[PDB]
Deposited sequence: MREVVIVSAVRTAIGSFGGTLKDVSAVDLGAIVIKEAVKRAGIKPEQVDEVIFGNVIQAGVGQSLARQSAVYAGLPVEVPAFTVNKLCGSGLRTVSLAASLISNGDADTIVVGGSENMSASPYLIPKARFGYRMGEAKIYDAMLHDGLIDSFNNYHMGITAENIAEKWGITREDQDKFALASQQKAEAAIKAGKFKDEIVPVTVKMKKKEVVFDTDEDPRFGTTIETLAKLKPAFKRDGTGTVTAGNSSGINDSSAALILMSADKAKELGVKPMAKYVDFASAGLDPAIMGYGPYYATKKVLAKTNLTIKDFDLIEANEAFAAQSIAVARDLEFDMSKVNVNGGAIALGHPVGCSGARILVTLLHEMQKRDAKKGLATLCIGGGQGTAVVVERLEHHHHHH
């Protein structure tokens, strides 16, 4: 093995569904963050060995996004690239993969991250090729069909949250209280400038501020909302949204960062992925996190900051209780309920957020983890 470091990390502000980044392609969002990450690391484009990038709703983006974003970022055509799809886990799995390839000597410098434009995703017509012959037929929303709908059970991932709420005893009030605190933390962090260092502006009008948060959210406001997916408890107010954004990081061997005089943001320690019953996919962080702790001989007390993606309050609460998070150190600047869940990006997005806040607080150790549609979880530990 060899030591791996993270040398730069950047993200766009997160667009709302049908919002300010609705007409900026996933490809273009990826290009902006790849270019900017290279700039921030102070290396040459030619120094990148590979690009590994998340993208989940691939329908209609054209050939393999990673390759497109790399070239339009201005990396040489000589740089090879591939696209990862681990659903919600995509952006964060690019990180661990890269660290493994560098550790094993297969590369020195890899650009990682993820891009998703859920707004711009198309509809699908399954039998346009050989025809329907007779009778009405269904067109599908690619973002749901290839993303947010569990393919095994053919229900929304919202139902997986209700399953967890039921099975873990998580009340509507608890869910809404969790949501409120995400909105509160997010509004305070935005106005306090916490995200200024990590965000690259996009000109569409200069878009530089996360727009999904609902400032002034109250417990009463949340309480009014109707369950969105079914007896229900999971609403659009206590669930992440549908969003458009990208994020990029650069991993390097400690060897090559030294040679080039590149100052690392943090050390990559390790990762873990786990599968579990699709019907409770939201609990996957439990298994992932446990595994990475057994690999690293660590404990939850050893983390100064935790980014745990907030797909749904119900799943986040279940995770937090069973890993026994200290919630003072979780998602300190807000989480996905407020900020958004651009599926193929989020995993990298939360790592970008973690790293910059780790710097501001001079934290030692850090955990990023999130649930994955179809029944998975993945986690990464960093240290400074």
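- According to the record, the deposited residues with no C-alpha atom in the structure span 205 to 210, 237 to 239, 394 to 401.
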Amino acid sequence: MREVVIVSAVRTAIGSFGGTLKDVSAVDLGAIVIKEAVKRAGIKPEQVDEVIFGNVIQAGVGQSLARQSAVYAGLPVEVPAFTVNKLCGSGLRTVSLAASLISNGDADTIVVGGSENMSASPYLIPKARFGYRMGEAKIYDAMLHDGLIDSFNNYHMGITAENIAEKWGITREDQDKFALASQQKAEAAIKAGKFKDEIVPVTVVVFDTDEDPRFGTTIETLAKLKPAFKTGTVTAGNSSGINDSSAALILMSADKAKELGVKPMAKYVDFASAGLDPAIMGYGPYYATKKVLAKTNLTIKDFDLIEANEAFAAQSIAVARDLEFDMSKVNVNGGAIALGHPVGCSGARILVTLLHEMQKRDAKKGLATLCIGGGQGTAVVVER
From here on, numbers count along this sequence of modelled residues.
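- Mean CA B-factor, 320 to 328 versus 24 to 32: the higher value falls on 320 to 328.
- Between 95 to 103 and 180 to 188, it is 180 to 188 that carries the larger average Cα temperature factor according to the deposited entry.
- Listed residues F82, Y123, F207, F130 were ranked by CA B-factor as deposited; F207 comes out on top.
- Looking only at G74, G232, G114, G282, the residue with the top Cα B factor in the deposited structure is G232.
- The PDB entry assigns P278 a C-alpha temperature factor belonging to the lowest third of its chain's modelled residues.
- Annotation for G19: CA B-factor lies in the lowest third of the chain's modelled residues.
- Among the modelled residues of its chain, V269 has a C-alpha B-factor that falls in the middle third according to the deposited record.
- Ranked against the other modelled residues of its chain, the C-alpha B-factor of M1 as given in the entry falls in the highest third.
- Split the chain's modelled residues into thirds by C-alpha temperature factor. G147 is in the middle one.
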